[PDB]
Amino acid sequence: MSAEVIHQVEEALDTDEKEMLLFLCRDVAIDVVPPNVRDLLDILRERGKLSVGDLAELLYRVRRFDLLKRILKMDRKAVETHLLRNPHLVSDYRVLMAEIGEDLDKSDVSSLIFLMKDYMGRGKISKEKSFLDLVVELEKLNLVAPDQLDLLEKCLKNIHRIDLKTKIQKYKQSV
Amino acid sequence: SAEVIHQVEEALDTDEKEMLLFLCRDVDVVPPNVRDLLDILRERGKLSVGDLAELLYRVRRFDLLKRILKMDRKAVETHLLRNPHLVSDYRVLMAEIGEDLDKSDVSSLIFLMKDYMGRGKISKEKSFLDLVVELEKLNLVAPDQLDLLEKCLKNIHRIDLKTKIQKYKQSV
Amino acid sequence: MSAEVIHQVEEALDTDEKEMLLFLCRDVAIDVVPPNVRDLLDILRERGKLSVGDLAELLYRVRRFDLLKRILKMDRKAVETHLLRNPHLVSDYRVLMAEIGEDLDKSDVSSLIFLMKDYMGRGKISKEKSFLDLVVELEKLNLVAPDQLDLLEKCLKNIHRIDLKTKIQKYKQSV
Amino acid sequence: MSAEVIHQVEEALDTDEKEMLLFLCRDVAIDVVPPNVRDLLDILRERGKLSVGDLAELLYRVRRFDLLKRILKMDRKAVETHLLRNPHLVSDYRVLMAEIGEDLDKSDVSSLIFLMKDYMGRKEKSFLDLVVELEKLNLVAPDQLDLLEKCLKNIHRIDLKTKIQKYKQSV
Amino acid sequence: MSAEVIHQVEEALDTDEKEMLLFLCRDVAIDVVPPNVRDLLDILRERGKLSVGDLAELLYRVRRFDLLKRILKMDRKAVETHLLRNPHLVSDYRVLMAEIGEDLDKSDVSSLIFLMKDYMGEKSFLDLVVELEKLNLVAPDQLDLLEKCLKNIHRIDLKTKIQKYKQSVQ
Amino acid sequence: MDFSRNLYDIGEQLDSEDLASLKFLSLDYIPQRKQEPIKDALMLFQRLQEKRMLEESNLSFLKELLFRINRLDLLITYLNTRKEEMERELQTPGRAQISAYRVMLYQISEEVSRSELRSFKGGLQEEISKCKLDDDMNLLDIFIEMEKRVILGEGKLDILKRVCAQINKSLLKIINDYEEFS
Amino acid sequence: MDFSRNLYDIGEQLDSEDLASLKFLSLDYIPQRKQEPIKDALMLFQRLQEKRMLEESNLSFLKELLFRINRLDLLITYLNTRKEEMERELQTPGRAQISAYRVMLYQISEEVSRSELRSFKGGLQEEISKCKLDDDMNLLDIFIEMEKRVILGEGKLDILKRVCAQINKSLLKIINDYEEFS
Amino acid sequence: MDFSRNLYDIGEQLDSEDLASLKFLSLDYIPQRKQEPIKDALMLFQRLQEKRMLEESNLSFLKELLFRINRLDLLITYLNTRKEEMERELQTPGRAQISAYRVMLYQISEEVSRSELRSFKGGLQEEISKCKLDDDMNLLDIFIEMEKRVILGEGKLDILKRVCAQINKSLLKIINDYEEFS
């Protein structure tokens, strides 16, 4: 509603979810890419595309229901019904990528970065990386697209993981 | 004073500091630093000698209470009998449950609760308090309802903790 | 399928049959080595090769039908009929090796390791290892193959046990 | 070559063979200490000292033939012929030390450590770690091997002394 | 004395050797504590306290004779003769402390920590030594407390070593 | 540092079995989480010092622990206290810091041999699976496991009596004496 | 490395029973905590070295230990010392580092057969629980357990005499000789 | 794998008593520490193989050992060697690696019955403790103990003659023949 609730949500989120929130709103933020959550929230406020429903959707996509009950005073079912009857701020591709990244540990992300170090810059990934940053780099090289998923599926199957491959195939079949 | 705070904070442990932070999470966002936590507590004005005594009594560190705060077990017991202003009984029950579980039990719990929580969040080398806060964020465990925790404790074959939970329910 | 049934199966299995369970799943997932039973079951859950039928087959292999009745709510006749009309999850060679190992005592592993001490060393066989462990070592030395069992047959003949040789002959002639 | 082979090799090996591989490759990559087998193999690939034949020869040294059958699609005859033709990477000294360490049980290494405590400055260890420590103190060298011979003679193990004598007769 | 030499020395050393060397160069760190061994080597080289002979001495005191034979083109006999000829950079007190700490077991050091925890407010012996020196309890001239504790923990060989040190230095 | 030296000397004389007995008897004041990493007497003494139950001027709990495990020589060699004084102090009501239930359980545990342990495990095959109570665990671990499932406790002892009846009857006499204490 | 090799060769000839005897004879310098994780003579020799009671220039304790367990071949082979020298050395007061009480206990341990051992256990059944009635128990373990409950101190020998009076007179003769030496 | 198969075949035939006899016969090449844990011929054969005294190139040691225990069937079956060949080989000086001391000790032990063994033990009660005089011990154990106590050796044989003079006459003849040969 106001900037006070925006700041309250900003201060109530840890550093781990900051990256997820920034990756979620990359497509919507088409003017500039901000380095902090507060700048992104300010951009949405200035563009007028942020409201109670939009903030509820953003918080529900990251599974922080307690803040929704405390601040937004909505439960899971109400926000689900509201989102299902309203346009989505974030596309299904972004939430699918987030869900895929939510099911990996260090021993698997290390395997992925080691396997795919050849395709991208060897010195570009000197810094420690996560799955979201890896997908960001892949999109920066135009290797993965909302309609292109073969490379991602092959990479997932390379580390002997079928469940995520089945999820990707299901998403492909749904569309 | 100020030096007593430094003396207290220099003699604690990592797990003890984590338990203290979890207990103090009741009263915004918790900072990861203990010294910053004490500074913020003094700034907010909720910090008090009796409150700090109750806080250290809740973690079973009577030696520090007598060494620094110059008070015995009876003094903090009387202060609690007055009123438990600082912390709630729910957090005390959570800490008491969390202190009665070994590594195998938490391993079984995180294995059973892999459906609700993603693999990346839990990672490893985590204590029961971490699982508690993870469930609290998802609004699954709260003072109003404890059905999920009760069922999980039943599945891992520990009924005494279920009796503790039922005792807490009957007390309130 | 669910996590509860997996946990109940794990907690009701003794350490004696854990070695057999680990040996039986080597062919299913040979690209990785599982440390213990729980990690192996989680791995098969990841690969999508775990279901009611496969778990029933695995439990039938280790001869723990009471767990099938109490937990899986199935009898061994149903799983036997299902396996007769479905491909085997575990190769017949592995179950033959397990059956042969089950028919031996502690006084035979010493004789076998003494007979074939030239290939290996004292350090490798210093600890007490069952027939399954010795078979795994021989396979790692590429001396025993699913289509090549001459050396093992020779050793079994030399250790004054002919019934096991008859079983080996039956297996070879049947396949 | 490709990272698939390296990943499969890392996943297939266990801890003991990992330690043996680290020791065997220690001599060639003596400039930089590798933290894990993965980093060592990456450095070998980058430096150009790693090839299919070299990796097959290393696996043959570690005695994992099924890996050659499965991953590299080779049999031991081909790698033996390659060793006969192509000069080897790992020296004979390293494979001799590995052979000696293979036959020493859990008890004899403790006795050897107790015997050698006089020269060396200082829990449970493995013979590979002991020989590494001896090499660090410049007591065992590819040309100096009399100390190990005497210490194996005093422990009542004459076959290993015979192996050392045969190796010395080789050169 | 080239940068590649110090780079190789810093790279080839191990974590335990790195920590022991970091402790052993406490005296020359009057300006500031060196956060890393590379920084310490750079400071020593730029401050004139580092040389081929000095680096050989430090490598000798950490028992890395392979590096001396390979990197600095020296052997044990020559460096020992140089040590006899020239005064030592580091006093023998630090060397004695390092030798004592290299012999104590994990159980023994835990028992020592429990015994000494009353005086002060997992940790290696070197950490205990630096903590004690921070409290100004043990110094290269006074060793009664450490000797008495070592006697009390039924490890009398190190007590004999300390007595021999005390007799030799004075 | 004489007190710390005395405590270290006392702790030097305790082997694995006695340390396990001390850990089991101190379950009323040390939770499982703080007890799992304990592997030597020094950690247990530190834990006791944390709760201010053992210190320079308070050795009553240490004396009680050392007397309940029949290490009488350590009582007089270091703590300078004889058996008669300990018995007189303990017989006074309200002065014992260990409940009689734990002492009875420990004493029952002490009077069972390996064959009797196997008989006990076989008799506990009905309510509890044999796998959870295999040969690895000892009697104290079985008692802890029974306590976990609230089949055995201060107010419930029927299962214990029924199981012990198959092995011996003097154990039933000990249980009856404990009941007479209540 | 002649000294370490010599010690290793000496330790090569000590089997399990002699190792147990040596461990018992050295309880005055090795506490139970260090005693427990010893299964070969090399660890005992290292422990003695760490206490500086056995080194290159000092070998009296090792000679005494090897003489007390009646092993003179090792003394005459690897140490070049005969019976007469050891006897003269020990007869001189102030040179024996082992108290005569321990030697007397060890000799009584050597002077008991299996049936007499069972009779000894039956006699001690009154004041010692049945837990020590294990068939694996030897006389040395019984003596240690008695020392635990201060019933077999160097000044308290009435129980030992009373039990030995039901077996043989040679044991009483040995005890009387020890008391005469005092 | 013909050599190992032949070794296993040879070890299969032997029983416990022959194994004990061989273990006694192999004192100088295998010390007590390695000797005790042996429970079958395979361990002894492996230990001999480690010492490079039993391999494909040199098999005279095994032939001599089997000839000593008077098992000609094993030699003629698993080795196909005649007794006269071994006699001729032993006639050559320096070929036999077993000292005649052990051979004569085994020969003496061969020809003693149980009653004569009891009389022998009774005659040597002075220098041997009662516990080591257990009836289960055979003559080889007595000889081992006497060697240990430095009362019977290669250079000194007075006690053996003194005891044997009251039992049998052929033993004195055997001892005299051994002395004359050396």
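Cut-offs used in this document
- Residues numbered from 1 in each chain as written, not as in the entry; some residues may be left out.
- Chains lettered and ligands numbered in written order.
- Heavy atoms only, no water.
- Contact = heavy atoms within 4.5 Å.
- Helix = DSSP H or I, 4+ residues; strand = E, 2+ residues; numbered from the N terminus.
- Buried < 20%, exposed > 50% of the residue type's maximum accessible area, 1.4 Å probe, protein only.
- Polar contact = N/O pair within 3.5 Å; in protein donor to acceptor, adjacent residues only side chain to side chain.
- 1 Å grid on protein atoms, 1.4 Å probe; cavity = no way out; pocket = protein on both sides within 12 Å on 5 of 7 lines; lining within 4 Å.
- Points joined across faces, edges and corners; volume = space filled by probe spheres on them.
- Nonpolar A, V, L, I, M, F, W, Y, C, P; charged D, E, K, R; others polar.
- Core = buried A, V, L, I, M, F, W, Y, C linked by side-chain atoms within 4.5 Å.
- Buried area = accessible area lost by both parts, 1.4 Å probe.
- Salt bridge = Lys/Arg side-chain N within 4 Å of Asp/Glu carboxyl O.
- Axes fitted to C-alpha atoms, helices over the stretch in contact; angles between N-to-C directions.
- Patch = residues over 30% accessible without salt bridge, like charges linked within 9 Å, V, L, I, M, F, W, Y side chains within 5 Å.
- Areas by Shrake-Rupley, 256 points an atom, 1.4 Å probe, with all protein chains shown as cover.
- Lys, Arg positive; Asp, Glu negative; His and termini not counted.
- Charge placed at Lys NZ, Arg CZ, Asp CG, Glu CD.
- Domains from an automatic or database assignment.

The record lists cryo-EM as the method behind this PDB entry and 3.62 Å as its resolution.

Asker: Would you mind going over the arrangement of the chains with me for this structure?
Answerer: Between all 15 pairs of chains that are in contact, chains B and F come out with the most contacts. Considering only C-alpha positions, the minimal separation of the non-contacting chain B and chain G is 27 Å. With respect to C-alpha atoms, chain E approaches chain H no nearer than 28 Å, and the pair has no contact.

Asker: Just checking my understanding: could you explain unusual backbone geometry for this structure?
Answerer: One can expect most non-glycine residues to show negative phi and most peptide bonds to be in trans. Even without being a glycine, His157 of chain B presents a positive backbone phi close to 65°. Turning to its location among the elements, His157 of chain B is positioned in the loop between α11 (147–155) and α12 (159–171). Judged by its relative accessible area of 36%, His157 of chain B is partly exposed. A positive phi angle is found at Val150 of chain H, which is not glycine, with a value near 55°.

Asker: Would you mind showing me how to read the environment of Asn168 of chain H here?
Answerer: Residues and elements named next belong to chain H. When you line up the elements, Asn168 lands in the loop between α11 (158–164) and α12 (170–181). In sequence terms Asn168 and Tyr78 are 90 residues apart; their C-alpha atoms lie 37 Å from each other. Within the structure, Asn168 has its side chain in polar contact with the side chain of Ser170 (distance 2.5 Å).

Asker: Please clarify how empty space enclosed by the protein should be interpreted in this entry.
Answerer: Over the atoms rolls a probe the size of a water molecule, and its path tells where empty space is left. Taken as a whole, the largest cavity spans an internal volume of roughly 200 Å³. Lining the largest cavity are 14 residues, with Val59 and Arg60 of chain B together with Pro31, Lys34 and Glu50 of chain F sitting closest to its centre. Looking at the lining of the largest cavity, the elements that each hand over two or more residues are α2 (14–24) of chain B together with α4 (41–50) of chain F. Of the residues contributing to the lining of the largest cavity, the split by class is four nonpolar, no polar and ten charged. Taken as a whole, the second largest cavity spans an internal volume of roughly 100 Å³. Lining the second largest cavity are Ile5, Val8, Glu9, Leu12, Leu20, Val34, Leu37, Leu38, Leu52, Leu55 and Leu56 of chain B.

Asker: Got a minute to help me understand the nonpolar core in this structure?
Answerer: One recurring pattern in soluble globular proteins: nonpolar side chains tend to sit buried together. By size, the foremost hydrophobic cluster in this structure holds 89 residues, and its most contacted members are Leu58, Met97 and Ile100 of chain A together with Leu21 of chain D. Setting aside residues no more than four positions away along its own chain, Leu21 of chain D makes contact with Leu13, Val37, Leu58 and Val62 of chain D. Counting 87 residues, the second-largest nonpolar core is a separate cluster that includes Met97 of chain E together with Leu19, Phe45 and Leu75 of chain F.

Asker: Explanation requested: the interface of chain B and chain F in the structure shown.
Answerer: For an interface, size is often stated in terms of accessible area lost upon the parts coming together. Each partner contributes residues to the interface: chain B has 19 residues there, and chain F has 13 residues. For the chain B and chain F pair, buried surface summed over both sides reaches about 1,600 Å², with 47% attributable to carbon and sulfur atoms. Residue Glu50 of chain F is joined to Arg61 of chain B by a salt bridge in which the shortest nitrogen-to-oxygen separation is 3.9 Å. On inspection of chain B and its partner chain F, the count reaches four residue pairs in polar contact. Of all the secondary-structure elements, those providing two or more residues to the side of chain B that touches chain F are α2, α5 (62–67) and α12 of chain B. Ranked by residues supplied to the side of chain B that touches chain F, first place goes to α5 of chain B with three residues. Looking at side-chain class alone, the side of chain B that touches chain F contains four nonpolar, three polar and twelve charged residues.

Asker: How do you make sense of the packing of helix α5 (residues 60–68) of chain H against helix α6 (residues 72–79) of chain H when you look at a structure like this?
Answerer: Pairs of packed helices are described in terms of their axes, by the angle between the two and the distance that separates them. All names here are of chain H. The N-to-C vectors of α5 and α6 enclose an angle of 145°; their axes lie 8 Å apart at closest approach. Across the interface between the two elements, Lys63, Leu66 and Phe67 of α5 pack against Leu72, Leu74, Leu75 and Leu79 of α6. Partitioned by chemical class, the residues of the contact of α5 with α6 number six nonpolar, no polar and one charged.

Asker: Even after reading the chapter, I still don't get the interface of chain C and chain A, so can you show me in this structure?
Answerer: Chain C puts four residues into the contact, and the matching count from chain A is four residues. Each partner contributes to the roughly 390 Å² buried at the junction of chain C and chain A, and carbon and sulfur atoms together form 44% of this total. It is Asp31, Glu46 and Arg47 of chain C in chain C that bury the most area against chain A; as a group they hold 94% of the surface buried on that side. Joining chain C to chain A, the criterion identifies one salt bridge. Across the pair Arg161 of chain A and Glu46 of chain C runs a salt bridge whose closest N-O atoms are separated by 2.5 Å. Here the side of chain C that touches chain A is composed, by residue class, of one nonpolar, no polar and three charged.

Asker: Looking at this model, I keep getting lost on a negative patch on the surface. Mind explaining?
Answerer: Taken together, the side chains of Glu19, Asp129 and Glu133 of chain D together with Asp14, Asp16, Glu19, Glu99 and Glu102 of chain E present a region of like negative charge at the surface. Listing elements by their share of the negative patch, those giving two or more residues are α9 (127–136) of chain D together with α2 (15–24) and α7 (92–103) of chain E. Here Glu19 of chain E is to be found in helix α2.

Asker: Looking at this structure, how should I read the domain arrangement of chain E?
Answerer: All names here are of chain E. The domain boundaries assigned to chain E delineate domain 1 (3–85) and domain 2 (92–169). Once you take the C-alpha centre of each, domain 1 and domain 2 turn out to be 24 Å apart. The contact between domain 1 and domain 2 buries some 740 Å² in all, and 70% of this surface belongs to carbon and sulfur atoms. Put simply, domain 1 and domain 2 have zero salt bridges between them.

Asker: Even after reading the chapter, I still don't get the side chain of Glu57 of chain D, so can you show me in this structure?
Answerer: Residues and elements named next belong to chain D. Summarising the element assignment, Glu57 is placed in helix α4 (residues 52–62). A distance of 2.7 Å separates the side chain of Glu57 from the side chain of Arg61, its partner in a polar contact. Here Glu57 is in contact with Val79, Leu83 and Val90, once residues within four sequence places are set aside.

Asker: Mind showing me how you'd approach the side chain of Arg149 of chain F here?
Answerer: Its location among the elements puts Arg149 of chain F in the loop between α10 (139–148) and α11 (158–167). A distance of 3.4 Å separates polar atoms of two side chains, one belonging to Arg149 of chain F and the other to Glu145 of chain F. Beyond its immediate stretch of four places on either side in the chain, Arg149 of chain F contacts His157 and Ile159 of chain B together with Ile128 of chain F.

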